[PDB]
Ligand SMILES: CC(C)C[C@H](N)C(=O)O
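Numbering (the UniProt record's numbering), first residue to last: 4 to 293.
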């Protein structure tokens, strides 16, 4: 099994799960989304240990099983420092592959922009370089849904009545559409969601729900800086991904030599909707830029 621990990283205590690969060829670091969820929903990537890839899972500040820092430190730049701190604390000065999902992806970019040196490669899945953009794209998605749910979002959403069932209905509908297509959601995913709704990070940084991004990161945007990234980068996104491929395009268009894979019939959590296919792509990429 994977080695688990609750160690002090850059100040607060962070939990991490390091699944060493039998005959590892490379070490992959992962960043869950949210912000304010957990590594739990990224456990499908563990399969990559069968391809000689060690996967480092970990709950970011104030997430999952990790300690919560001063609310002033609830910033992306802080996550970056935490990430680097952890990387060094565990691998000292070894260059590794960094994979982020959704917010995690955006967080990864921010990291790369500053510490791309410690990176042999970068992977952004359902990631984003601008929240405003992603939000703009999410609205389009909302309006594209059937009137029934669409208007429901617009009504209770403005009344700040997210508890309402007619609203919850739309939300969940959207989820089973752009978050995790026609699936029977695995525990791990329902584990990360349970965490976000339990901790404060999501509430503060993100806001109410997915398409309702009013948190502190509402206006974050580093598109005009991601170009500085030169290491191998694999940008993935699902056909029906909530963080539309259009968003992923903005990243691909800025990072030269980057690849862009759209997972047909898949939404946001492609790592589950196509576990084997998803895992294979990343492992191929990783070993390809070994
Ligand atoms: C910024 C949000 C769209 C990120 C989302 N909470 C996720 O991790 O999938």
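Backbone N, C-alpha and C define an ideal beta-carbon position, used for all residues, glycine too.
{"query": "Anticipated Cβ contact below 8 Å, residue 24 with residue 56, distance rounded", "result": "5 Å"}
{"query": "Counterpart residues of residue 101 in DSSP-defined beta bridges", "result": "32, 125"}
{"query": "Environment of residue 234 [buried if 16+ CB atoms lie within 10 Å]", "result": "buried"}
{"query": "Beta-carbon gap between residue 59 and residue 30 smaller than 8 Å", "result": "yes"}
{"query": "Given residue 71 as reference, the closest of 114, 15, 84, 80 once Cα atoms are compared", "result": "15"}
{"query": "Segments of 4+ residues assigned as alpha helix (DSSP H) that fall wholly inside the segment 209–234", "result": "226–229"}
{"query": "Check: residue 105 C-beta below 7 Å from any heavy atom of ligand 1", "result": "yes"}
{"query": "Cβ-heavy atom distance, residue 34 to ligand 1, below 7 Å", "result": "no"}
{"query": "Residues of its chain near residue 12, where Cβ-Cβ distance is below 7 Å and the 5 sequence neighbours each way are ignored", "result": "85, 88, 89, 92"}
{"query": "The segment 125–143 touching the segment 219–228, judged by at least three CB pairs closer than 8 Å", "result": "yes"}
{"query": "Cβ-Cβ separation, residue 262 to residue 238 (assumed contact under 8 Å), whole Å", "result": "7 Å"}
{"query": "CB contact flag (residue 110, residue 83, <8 Å)", "result": "yes"}
{"query": "Integer Cβ distance of residue 33 from residue 127, believed to fall under 8 Å", "result": "The pair is not a contact, with the Cβ atoms about 12 Å apart (cut-off 8 Å)."}
{"query": "Nonlocal neighbours in the same chain, by C-beta distance under 8 Å from residue 290, ignoring five residues either side", "result": "28, 29, 54, 55, 56"}
{"query": "Enclosing beta strand (DSSP E) for residue 18 [first to last residue]", "result": "15–22"}
{"query": "Proximity winner among 183, 204, 246, 269, relative to residue 68 (alpha-carbon distances)", "result": "204"}
{"query": "Residue 44: first and last residue of the uninterrupted alpha helix (DSSP H) it sits in", "result": "Careful: residue 44 lies outside any alpha helix (DSSP H) and carries neither H nor E."}
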